[PDB]
Amino acid sequence: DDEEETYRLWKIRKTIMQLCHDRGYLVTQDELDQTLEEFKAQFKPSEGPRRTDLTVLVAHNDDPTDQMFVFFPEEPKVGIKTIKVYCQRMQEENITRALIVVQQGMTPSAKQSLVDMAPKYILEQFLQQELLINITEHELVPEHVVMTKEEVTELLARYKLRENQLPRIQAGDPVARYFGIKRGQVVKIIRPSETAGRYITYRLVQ
Amino acid sequence: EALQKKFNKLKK
Amino acid sequence: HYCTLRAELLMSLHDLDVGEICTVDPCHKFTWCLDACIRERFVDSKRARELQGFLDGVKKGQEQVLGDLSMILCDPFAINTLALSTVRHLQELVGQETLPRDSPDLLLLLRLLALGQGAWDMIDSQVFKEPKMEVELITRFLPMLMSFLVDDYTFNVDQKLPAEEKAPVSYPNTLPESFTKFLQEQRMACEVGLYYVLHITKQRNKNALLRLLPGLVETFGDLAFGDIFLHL
Amino acid sequence: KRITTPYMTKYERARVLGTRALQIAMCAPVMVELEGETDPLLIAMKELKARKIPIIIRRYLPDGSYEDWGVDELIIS
C-alpha cells in the first residue's frame, strides 16, 4: 500500500535520525522533528523516491573526519552486487561506517561478506521491521550511555577489577546494535530504583 | 645493511 | 604557549559554531585533524592523509597560513603527538621489516614535524618555504634506533631460549657516536631521540638506557635540557 | 587509609567472641579484670565491651588485597 509505504518510510527516517543523534552524530533539529506531510513535501512513494534516493550521509560531532552512511536497498534480499556498489561508493567517498536496512531479510552470503570485510568496511545489517520503532523510548529500557576508554580505566582502577568481572551484554542484542557498539566497549546504564532513586550499572559488550 | 642483518639475527 | 591558545581560540569558536570565522580560517579544517590527533596523541593514517591534503591545498599568494600552520604546529602537545607517532611507527616497523625510507606515512610525519619545528623562524622572518630533512636521519639515526631496539629484542629472545652458559655476554652498551652527532646537530633528530629515550624509559630497559645516556649530555639547542623532555 | 567500614559485622563479632572464649578456655591470660566469672563467653563479652581483645581482623578485599583492623579500632555495636 502506497499510503502505509510513505508512513513506514517516514517513521523509518525518524528512527534513523533519532538513532544517529543518540550515537553522537550531527543531526539537525528539523529532521529529528520531521513530520509525515513534511516527509512528503521534501520529496506518493510506490511507483513515484527510491531506496537508493532515500539514503543519507551524516557527520560525527566529535570528529568531522568520520561520516556514516545509512543505505536502503531497492530489492527484497540484499545481493552481493548491491553490497559491492555500496562499499565501492564508500571507497570513492573514503568512508568505513555504513548502515544498511533490509526490507525483510539479507542473503546469507551477504552476511559472510559483511563479517569478512568488517575491519576495512564496518557494515551493519538492520531489519526494516525492527527499525520501524525507536526501541530506546520504551519504558522498560533504561538510559544507556556509551563509555570511552578513560572512563573505563578510571572505573576499573576505582574498583580494582578486570573486564572479566563485570556483567555482560550480548553484542547481538538490539540495544547494542542500536548504539553500534563493538566487543570490548562498555555501556553505563542509569535506571530508576524504587529503593535508592537512581542506580548505575556497567555492561561489558560481548 | 646492519639493521637487516639485525632482523635476520632476530629471526634465527 | 601563545600558539596553543590560538588553536584553542579557534576550536572554541568551532565549539561556538561561528560560520563567520569557521568558513574563513583555512586552518580550521586543519585543526579538525589536529584536535582529533592531539586528543589521541597519535596521528593515524587517515588524519595524516587529511593533513597532507590541507598542505597541498595551500595555493600561491596565500602561503602566510603555512606560517600560521607552523605556529599552530609549534604547540608542544602537537610536538608530543608527532614525536610519539614517529617513535611508535619506528617501533612497529621493525616487525614488518621496513626501513624509514620505505615508510611514506613516516615521511609525511617527518615533513609535518619539520614544518612545525621551524615555526618561530617563519614568524621571525616571513618564511613560506618548507624546511628540508636530513638523509642521515632517514638512513643512520632512525636505523640506529632500530639497531638498538632489535639487538634488545634478539637478546630478549635469547633469554627466553634456555641453555645459557656461565658468564653470558651483556647487551652491547657501546654507543655509535654519529647518532649523538645527529642529536647535537639536528633539532628534529634531537627531539625525536628525546621522545625515544622517554619511550624506552617506559620500556625500562637499563642496558639500552645507559647505552644512550652518554651522548644525551651534548644535544642540539639544549633540547635534552629543556622543560618538555625534562618534565616527561 | 583503610577504605572498609569502621563497624564490626555480626559475623566478625561471632568469630572474635568464639575464638577469644576458646583462648580463655585454654588458660590464656585475660586482658581485663574479671569479676568472679567462670564462663569464657561472658569473659569474652566483657573484654569486647572493654575493647581489650588482642585479635586483629584481616578482611580480605575481593581483589586479593586485604585490610587489617584492631578490634578496638572498629565500632562495636
# chains A, B, ... in the order shown; residues from 1 in each chain; ligands from 1
call {"tool": "interface_residues", "arguments": {"of": "chain D", "to": "chain A", "cutoff": "12 Å", "atoms": "only C-alpha atoms", "output": "PyMOL selection string"}}
result
chain D and resi 3+61-65
call {"tool": "residues_around", "arguments": {"residues": "segment 3-14 of chain C", "least_positions_apart": "4", "cutoff": "6 Å", "atoms": "only C-alpha atoms", "output": "NGL selection string"}}
result
:C and (71-72 or 75)
call {"tool": "write_last_selection", "arguments": {"atoms": "N, CA, C and O atoms", "output": "PDB file, in the first residue's frame"}}
result
ATOM      1  N   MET C  71      52.982  27.866  13.246  1.00  0.00           N
ATOM      2  CA  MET C  71      52.666  28.379  14.572  1.00  0.00           C
ATOM      3  C   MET C  71      51.712  27.425  15.275  1.00  0.00           C
ATOM      4  O   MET C  71      51.954  27.013  16.415  1.00  0.00           O
ATOM      5  N   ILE C  72      50.679  26.976  14.559  1.00  0.00           N
ATOM      6  CA  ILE C  72      49.722  26.049  15.149  1.00  0.00           C
ATOM      7  C   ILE C  72      50.396  24.711  15.420  1.00  0.00           C
ATOM      8  O   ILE C  72      50.010  23.991  16.350  1.00  0.00           O
ATOM      9  N   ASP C  75      52.705  24.137  18.865  1.00  0.00           N
ATOM     10  CA  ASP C  75      52.116  23.759  20.141  1.00  0.00           C
ATOM     11  C   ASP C  75      52.854  22.547  20.714  1.00  0.00           C
ATOM     12  O   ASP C  75      53.004  21.540  20.007  1.00  0.00           O
TER      13      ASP C  75
END
call {"tool": "residues_around", "arguments": {"residues": "residue 9 of chain B", "least_positions_apart": "3", "cutoff": "9 Å", "atoms": "only C-alpha atoms", "output": "mmCIF file with N, CA, C and O atoms, in the first residue's frame"}}
result
data_model
loop_
_atom_site.group_PDB
_atom_site.id
_atom_site.type_symbol
_atom_site.label_atom_id
_atom_site.label_comp_id
_atom_site.auth_asym_id
_atom_site.auth_seq_id
_atom_site.Cartn_x
_atom_site.Cartn_y
_atom_site.Cartn_z
ATOM 1 N N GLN B 4 69.219 -4.898 8.653
ATOM 2 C CA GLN B 4 68.664 -6.124 8.076
ATOM 3 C C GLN B 4 69.367 -7.368 8.621
ATOM 4 O O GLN B 4 68.724 -8.397 8.873
ATOM 5 N N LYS B 5 70.693 -7.313 8.767
ATOM 6 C CA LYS B 5 71.388 -8.387 9.463
ATOM 7 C C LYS B 5 70.870 -8.535 10.894
ATOM 8 O O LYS B 5 70.681 -9.661 11.371
ATOM 9 N N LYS B 6 70.537 -7.417 11.554
ATOM 10 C CA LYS B 6 69.951 -7.489 12.899
ATOM 11 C C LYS B 6 68.569 -8.141 12.857
ATOM 12 O O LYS B 6 68.205 -8.906 13.759
ATOM 13 N N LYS B 12 66.466 -15.840 13.606
ATOM 14 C CA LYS B 12 67.098 -17.096 13.985
ATOM 15 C C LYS B 12 66.863 -17.390 15.465
ATOM 16 O O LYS B 12 66.384 -18.464 15.824
ATOM 17 N N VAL C 150 66.354 -3.792 17.992
ATOM 18 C CA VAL C 150 66.298 -5.174 17.540
ATOM 19 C C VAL C 150 67.452 -5.983 18.133
ATOM 20 O O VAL C 150 67.304 -7.198 18.312
ATOM 21 N N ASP C 151 68.581 -5.344 18.488
ATOM 22 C CA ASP C 151 69.541 -6.013 19.372
ATOM 23 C C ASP C 151 68.904 -6.334 20.719
ATOM 24 O O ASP C 151 69.131 -7.415 21.279
ATOM 25 N N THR C 154 66.508 -9.322 20.133
ATOM 26 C CA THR C 154 67.284 -10.544 19.953
ATOM 27 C C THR C 154 67.870 -11.038 21.293
ATOM 28 O O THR C 154 67.841 -12.243 21.572
#
call {"tool": "atom_distance", "arguments": {"atom1": "atom CA of residue 125 of chain C", "atom2": "atom CA of residue 222 of chain C"}}
result
22.8 Å
call {"tool": "closest_atom_pairs", "arguments": {"of": "segment 95-187 of chain A", "to": "segment 5-15 of chain A", "cutoff": "7 Å", "atoms": "only C-alpha atoms", "output": "tab-separated table"}}
result
residue	atom	partner	partner_atom	distance
A:131	CA	A:12	CA	6.3
A:132	CA	A:12	CA	5.4
A:133	CA	A:15	CA	6.4
A:134	CA	A:15	CA	5.4
call {"tool": "write_last_selection", "arguments": {"atoms": "N, CA and C atoms", "output": "compact mmCIF listing (two decimals), in the first residue's frame"}}
result
# COMPACT_ATOMS: atom_id res chain seq x y z
N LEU A 131 13.56 -1.61 12.80
CA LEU A 131 13.83 -0.18 12.73
C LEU A 131 12.56 0.67 12.73
N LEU A 132 11.38 0.07 12.53
CA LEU A 132 10.14 0.85 12.48
C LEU A 132 9.86 1.62 13.77
N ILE A 133 10.39 1.18 14.91
CA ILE A 133 10.16 1.83 16.20
C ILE A 133 11.50 2.11 16.86
N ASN A 134 11.62 3.28 17.48
CA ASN A 134 12.76 3.60 18.33
C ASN A 134 12.57 2.85 19.64
call {"tool": "select_by_dssp", "arguments": {"residues": "chain D", "states": "strand (DSSP E)", "output": "JSON, numbers by chain"}}
result
{"D": [56, 57, 58, 59, 60, 66, 67, 68, 69, 70]}
call {"tool": "write_last_selection", "arguments": {"atoms": "N, CA, C and O atoms", "output": "compact mmCIF listing (two decimals), in the first residue's frame"}}
result
# COMPACT_ATOMS: atom_id res chain seq x y z
N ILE D 56 43.47 -9.42 65.81
CA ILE D 56 43.45 -8.48 64.68
C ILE D 56 42.66 -9.15 63.57
O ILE D 56 43.00 -10.26 63.14
N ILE D 57 41.60 -8.49 63.11
CA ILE D 57 40.81 -8.98 61.99
C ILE D 57 41.56 -8.65 60.71
O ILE D 57 42.18 -7.59 60.59
N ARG D 58 41.50 -9.56 59.74
CA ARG D 58 42.07 -9.38 58.41
C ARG D 58 40.95 -9.58 57.39
O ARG D 58 40.63 -10.71 57.03
N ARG D 59 40.37 -8.47 56.94
CA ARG D 59 39.32 -8.51 55.93
C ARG D 59 39.95 -8.61 54.55
O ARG D 59 40.64 -7.69 54.12
N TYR D 60 39.70 -9.72 53.86
CA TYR D 60 40.22 -9.91 52.50
C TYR D 60 39.32 -9.16 51.52
O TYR D 60 38.16 -9.52 51.34
N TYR D 66 43.95 -6.92 51.13
CA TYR D 66 43.29 -7.04 52.42
C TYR D 66 43.52 -5.79 53.24
O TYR D 66 44.42 -4.99 52.96
N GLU D 67 42.69 -5.64 54.27
CA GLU D 67 42.86 -4.63 55.31
C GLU D 67 42.96 -5.33 56.66
O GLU D 67 42.38 -6.39 56.87
N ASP D 68 43.73 -4.72 57.57
CA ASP D 68 43.91 -5.21 58.93
C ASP D 68 43.30 -4.22 59.90
O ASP D 68 43.44 -3.00 59.73
N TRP D 69 42.62 -4.74 60.92
CA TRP D 69 41.87 -3.93 61.87
C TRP D 69 42.07 -4.45 63.29
O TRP D 69 41.87 -5.64 63.55
N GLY D 70 42.45 -3.55 64.19
CA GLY D 70 42.31 -3.85 65.60
C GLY D 70 40.85 -3.85 66.01
O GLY D 70 40.02 -3.12 65.47
call {"tool": "interface_residues", "arguments": {"of": "chain A", "to": "chain C", "cutoff": "10 Å", "atoms": "only C-alpha atoms", "output": "number ranges by chain"}}
result
A: 62-66, 94
call {"tool": "atom_distance", "arguments": {"atom1": "atom CA of residue 223 of chain C", "atom2": "atom CA of residue 54 of chain C"}}
result
29.4 Å
call {"tool": "residues_around", "arguments": {"residues": "segment 97-102 of chain A", "least_positions_apart": "6", "cutoff": "9 Å", "atoms": "only C-alpha atoms", "output": "ChimeraX atom specification"}}
result
/A:57,66-73,75-78,86-87,90,121-129,131
call {"tool": "write_last_selection", "arguments": {"atoms": "N, CA, C and O atoms", "output": "CSV table (one decimal), in the first residue's frame"}}
result
chain,number,residue,atom,x,y,z
A,57,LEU,N,23.7,10.6,4.4
A,57,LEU,CA,25.1,10.7,4.9
A,57,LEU,C,25.1,11.7,6.1
A,57,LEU,O,24.6,12.8,5.9
A,66,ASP,N,35.0,11.6,10.4
A,66,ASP,CA,34.2,10.4,10.4
A,66,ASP,C,32.8,10.8,9.9
A,66,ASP,O,32.2,11.7,10.4
A,67,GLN,N,32.3,10.0,8.9
A,67,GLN,CA,30.9,10.1,8.5
A,67,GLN,C,30.3,8.7,8.4
A,67,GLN,O,31.1,7.7,8.3
A,68,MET,N,29.0,8.6,8.5
A,68,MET,CA,28.2,7.4,8.5
A,68,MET,C,27.2,7.5,7.4
A,68,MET,O,26.4,8.4,7.3
A,69,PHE,N,27.1,6.5,6.5
A,69,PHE,CA,26.1,6.3,5.6
A,69,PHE,C,24.9,5.4,6.2
A,69,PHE,O,25.2,4.5,6.9
A,70,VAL,N,23.7,5.8,5.9
A,70,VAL,CA,22.6,4.9,6.0
A,70,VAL,C,22.0,4.7,4.7
A,70,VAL,O,21.5,5.6,4.0
A,71,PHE,N,22.1,3.4,4.2
A,71,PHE,CA,21.6,2.9,3.0
A,71,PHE,C,20.3,2.2,3.1
A,71,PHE,O,20.0,1.6,4.2
A,72,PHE,N,19.4,2.1,2.1
A,72,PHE,CA,18.3,1.3,2.0
A,72,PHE,C,18.3,0.6,0.7
A,72,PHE,O,18.7,1.2,-0.3
A,73,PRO,N,17.9,-0.7,0.6
A,73,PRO,CA,18.0,-1.5,-0.7
A,73,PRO,C,16.7,-1.5,-1.4
A,73,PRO,O,15.7,-1.6,-0.8
A,75,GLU,N,15.8,-3.8,-3.3
A,75,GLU,CA,15.5,-5.2,-3.6
A,75,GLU,C,15.1,-5.9,-2.2
A,75,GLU,O,15.4,-5.4,-1.2
A,76,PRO,N,14.3,-7.0,-2.3
A,76,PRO,CA,13.9,-7.7,-1.0
A,76,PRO,C,15.1,-8.2,-0.2
A,76,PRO,O,15.2,-7.8,1.0
A,77,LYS,N,15.9,-9.0,-0.8
A,77,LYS,CA,17.1,-9.5,-0.2
A,77,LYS,C,18.3,-8.8,-0.8
A,77,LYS,O,18.5,-8.8,-2.0
A,78,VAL,N,19.2,-8.3,0.1
A,78,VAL,CA,20.3,-7.5,-0.4
A,78,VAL,C,21.3,-8.5,-1.0
A,78,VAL,O,21.7,-9.5,-0.4
A,86,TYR,N,27.6,-0.4,-2.7
A,86,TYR,CA,27.7,0.4,-1.5
A,86,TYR,C,29.1,0.5,-1.0
A,86,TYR,O,29.6,1.7,-0.7
A,87,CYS,N,29.9,-0.6,-1.0
A,87,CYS,CA,31.3,-0.5,-0.5
A,87,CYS,C,32.2,0.3,-1.5
A,87,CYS,O,33.1,1.0,-1.0
A,90,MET,N,31.5,3.8,-0.9
A,90,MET,CA,32.2,4.2,0.4
A,90,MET,C,33.7,4.4,0.1
A,90,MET,O,34.3,5.3,0.6
A,121,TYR,N,35.7,-2.2,6.1
A,121,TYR,CA,34.4,-1.5,5.9
A,121,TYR,C,33.5,-2.0,7.0
A,121,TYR,O,33.0,-3.2,6.9
A,122,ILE,N,33.2,-1.2,7.9
A,122,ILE,CA,32.3,-1.6,9.0
A,122,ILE,C,30.8,-1.5,8.5
A,122,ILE,O,30.4,-0.3,8.2
A,123,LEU,N,30.1,-2.6,8.3
A,123,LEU,CA,28.8,-2.6,7.9
A,123,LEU,C,27.9,-3.3,8.9
A,123,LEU,O,28.4,-4.3,9.5
A,124,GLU,N,26.7,-2.9,9.1
A,124,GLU,CA,25.7,-3.5,10.0
A,124,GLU,C,24.4,-3.7,9.2
A,124,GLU,O,23.8,-2.7,8.8
A,125,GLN,N,23.9,-4.9,9.1
A,125,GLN,CA,22.6,-5.2,8.6
A,125,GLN,C,21.6,-4.8,9.7
A,125,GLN,O,21.9,-4.8,10.9
A,126,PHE,N,20.4,-4.4,9.2
A,126,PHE,CA,19.4,-3.9,10.1
A,126,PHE,C,18.0,-4.1,9.5
A,126,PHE,O,17.7,-3.7,8.4
A,127,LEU,N,17.1,-4.9,10.2
A,127,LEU,CA,15.8,-5.1,9.7
A,127,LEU,C,15.0,-3.8,9.6
A,127,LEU,O,15.1,-2.9,10.5
A,128,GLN,N,14.3,-3.6,8.5
A,128,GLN,CA,13.3,-2.6,8.4
A,128,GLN,C,12.3,-2.7,9.5
A,128,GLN,O,12.0,-1.7,10.2
A,129,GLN,N,11.9,-3.9,9.8
A,129,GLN,CA,10.8,-4.2,10.8
A,129,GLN,C,11.3,-3.7,12.2
A,129,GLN,O,10.5,-3.0,12.9
A,131,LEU,N,13.6,-1.6,12.8
A,131,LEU,CA,13.8,-0.2,12.7
A,131,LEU,C,12.6,0.7,12.7
A,131,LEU,O,12.7,1.9,12.9
call {"tool": "residues_around", "arguments": {"residues": "segment 28-33 of chain D", "least_positions_apart": "3", "cutoff": "6 Å", "atoms": "only C-alpha atoms", "output": "list in words"}}
result
residues 23, 24, 47 and 52 of chain D
call {"tool": "write_last_selection", "arguments": {"atoms": "N, CA, C and O atoms", "output": "compact mmCIF listing (two decimals), in the first residue's frame"}}
result
# COMPACT_ATOMS: atom_id res chain seq x y z
N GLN D 23 40.21 -19.28 73.60
CA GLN D 23 41.52 -18.94 74.14
C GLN D 23 41.50 -18.89 75.66
O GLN D 23 42.39 -19.42 76.33
N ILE D 24 40.47 -18.25 76.22
CA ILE D 24 40.33 -18.18 77.68
C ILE D 24 40.13 -19.58 78.25
O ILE D 24 40.64 -19.90 79.33
N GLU D 47 35.47 -8.47 77.75
CA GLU D 47 36.64 -7.93 77.06
C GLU D 47 36.24 -7.14 75.82
O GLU D 47 36.84 -6.11 75.52
N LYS D 52 39.41 -4.87 74.71
CA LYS D 52 40.68 -5.37 75.22
C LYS D 52 40.90 -6.82 74.81
O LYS D 52 41.23 -7.67 75.64
call {"tool": "closest_residue", "arguments": {"among": "C:195, C:148, C:179, C:77", "to": "chain B", "atoms": "only C-alpha atoms"}}
result
C:148
call {"tool": "residues_around", "arguments": {"residues": "segment 183-192 of chain C", "least_positions_apart": "6", "cutoff": "8 Å", "atoms": "only C-alpha atoms", "output": "PyMOL selection string"}}
result
chain C and resi 83-84+86-87+113-114+117+137+141+215-216+218-221+223-224
call {"tool": "residues_around", "arguments": {"residues": "residue 132 of chain C", "least_positions_apart": "6", "cutoff": "10 Å", "atoms": "only C-alpha atoms", "output": "ChimeraX atom specification"}}
result
/C:110-111,114-115
call {"tool": "select_by_dssp", "arguments": {"residues": "segment 15-69 of chain D", "states": "alpha helix (DSSP H)", "output": "PyMOL selection string"}}
result
chain D and resi 15-25+40-50
call {"tool": "write_last_selection", "arguments": {"atoms": "N, CA, C and O atoms", "output": "mmCIF file, in the first residue's frame"}}
result
data_model
loop_
_atom_site.group_PDB
_atom_site.id
_atom_site.type_symbol
_atom_site.label_atom_id
_atom_site.label_comp_id
_atom_site.auth_asym_id
_atom_site.auth_seq_id
_atom_site.Cartn_x
_atom_site.Cartn_y
_atom_site.Cartn_z
ATOM 1 N N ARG D 15 32.824 -14.538 65.399
ATOM 2 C CA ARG D 15 34.103 -15.235 65.319
ATOM 3 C C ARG D 15 35.063 -14.769 66.406
ATOM 4 O O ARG D 15 35.737 -15.595 67.032
ATOM 5 N N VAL D 16 35.150 -13.457 66.644
ATOM 6 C CA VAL D 16 36.114 -12.965 67.622
ATOM 7 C C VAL D 16 35.711 -13.399 69.028
ATOM 8 O O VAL D 16 36.563 -13.814 69.823
ATOM 9 N N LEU D 17 34.409 -13.357 69.350
ATOM 10 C CA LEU D 17 33.978 -13.820 70.664
ATOM 11 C C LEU D 17 34.232 -15.309 70.835
ATOM 12 O O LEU D 17 34.718 -15.739 71.885
ATOM 13 N N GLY D 18 33.926 -16.113 69.812
ATOM 14 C CA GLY D 18 34.158 -17.546 69.926
ATOM 15 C C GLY D 18 35.627 -17.886 70.094
ATOM 16 O O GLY D 18 36.002 -18.681 70.962
ATOM 17 N N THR D 19 36.482 -17.271 69.274
ATOM 18 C CA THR D 19 37.909 -17.554 69.347
ATOM 19 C C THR D 19 38.501 -17.096 70.674
ATOM 20 O O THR D 19 39.292 -17.824 71.282
ATOM 21 N N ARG D 20 38.127 -15.906 71.152
ATOM 22 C CA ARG D 20 38.684 -15.436 72.415
ATOM 23 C C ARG D 20 38.153 -16.251 73.588
ATOM 24 O O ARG D 20 38.875 -16.485 74.565
ATOM 25 N N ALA D 21 36.895 -16.697 73.514
ATOM 26 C CA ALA D 21 36.363 -17.572 74.550
ATOM 27 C C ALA D 21 37.114 -18.894 74.587
ATOM 28 O O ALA D 21 37.414 -19.415 75.666
ATOM 29 N N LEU D 22 37.428 -19.454 73.417
ATOM 30 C CA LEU D 22 38.215 -20.682 73.388
ATOM 31 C C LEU D 22 39.622 -20.442 73.921
ATOM 32 O O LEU D 22 40.191 -21.306 74.598
ATOM 33 N N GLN D 23 40.207 -19.283 73.605
ATOM 34 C CA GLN D 23 41.523 -18.939 74.137
ATOM 35 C C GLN D 23 41.498 -18.886 75.659
ATOM 36 O O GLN D 23 42.392 -19.420 76.327
ATOM 37 N N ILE D 24 40.472 -18.247 76.221
ATOM 38 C CA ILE D 24 40.335 -18.180 77.675
ATOM 39 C C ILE D 24 40.129 -19.576 78.247
ATOM 40 O O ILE D 24 40.638 -19.903 79.326
ATOM 41 N N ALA D 25 39.371 -20.418 77.539
ATOM 42 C CA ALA D 25 39.194 -21.798 77.977
ATOM 43 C C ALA D 25 40.506 -22.573 77.945
ATOM 44 O O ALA D 25 40.670 -23.539 78.698
ATOM 45 N N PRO D 40 33.741 -18.792 79.762
ATOM 46 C CA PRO D 40 34.558 -17.978 78.844
ATOM 47 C C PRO D 40 33.755 -17.031 77.967
ATOM 48 O O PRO D 40 34.288 -15.996 77.550
ATOM 49 N N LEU D 41 32.497 -17.358 77.662
ATOM 50 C CA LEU D 41 31.687 -16.496 76.804
ATOM 51 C C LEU D 41 31.454 -15.134 77.451
ATOM 52 O O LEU D 41 31.601 -14.088 76.804
ATOM 53 N N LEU D 42 31.095 -15.130 78.736
ATOM 54 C CA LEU D 42 30.848 -13.871 79.432
ATOM 55 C C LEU D 42 32.129 -13.060 79.565
ATOM 56 O O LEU D 42 32.107 -11.830 79.446
ATOM 57 N N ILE D 43 33.255 -13.733 79.809
ATOM 58 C CA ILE D 43 34.528 -13.029 79.934
ATOM 59 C C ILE D 43 34.914 -12.408 78.597
ATOM 60 O O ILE D 43 35.419 -11.281 78.541
ATOM 61 N N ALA D 44 34.686 -13.136 77.499
ATOM 62 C CA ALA D 44 34.971 -12.592 76.176
ATOM 63 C C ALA D 44 34.078 -11.398 75.867
ATOM 64 O O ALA D 44 34.532 -10.415 75.271
ATOM 65 N N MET D 45 32.801 -11.466 76.254
ATOM 66 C CA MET D 45 31.917 -10.319 76.058
ATOM 67 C C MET D 45 32.378 -9.121 76.879
ATOM 68 O O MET D 45 32.320 -7.976 76.413
ATOM 69 N N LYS D 46 32.822 -9.366 78.114
ATOM 70 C CA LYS D 46 33.349 -8.288 78.945
ATOM 71 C C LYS D 46 34.576 -7.653 78.303
ATOM 72 O O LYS D 46 34.721 -6.426 78.304
ATOM 73 N N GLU D 47 35.470 -8.474 77.749
ATOM 74 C CA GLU D 47 36.641 -7.934 77.063
ATOM 75 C C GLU D 47 36.243 -7.144 75.821
ATOM 76 O O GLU D 47 36.842 -6.106 75.520
ATOM 77 N N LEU D 48 35.243 -7.630 75.079
ATOM 78 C CA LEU D 48 34.785 -6.916 73.890
ATOM 79 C C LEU D 48 34.216 -5.551 74.255
ATOM 80 O O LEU D 48 34.496 -4.553 73.581
ATOM 81 N N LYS D 49 33.409 -5.490 75.316
ATOM 82 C CA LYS D 49 32.916 -4.197 75.780
ATOM 83 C C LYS D 49 34.056 -3.320 76.280
ATOM 84 O O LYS D 49 34.024 -2.098 76.101
ATOM 85 N N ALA D 50 35.067 -3.924 76.908
ATOM 86 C CA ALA D 50 36.259 -3.182 77.298
ATOM 87 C C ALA D 50 37.147 -2.834 76.108
ATOM 88 O O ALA D 50 37.998 -1.947 76.236
#
call {"tool": "interface_residues", "arguments": {"of": "chain C", "to": "chain B", "cutoff": "12 Å", "atoms": "only C-alpha atoms", "output": "list in words"}}
result
residues 93, 94, 95, 96, 97, 98, 99, 100, 139, 140, 141, 142, 143, 144, 145, 146, 147, 148, 149, 150, 151, 152, 153, 154, 155, 156, 157, 158 and 161 of chain C
call {"tool": "atom_distance", "arguments": {"atom1": "atom CA of residue 120 of chain C", "atom2": "atom CA of residue 42 of chain C"}}
result
23.5 Å
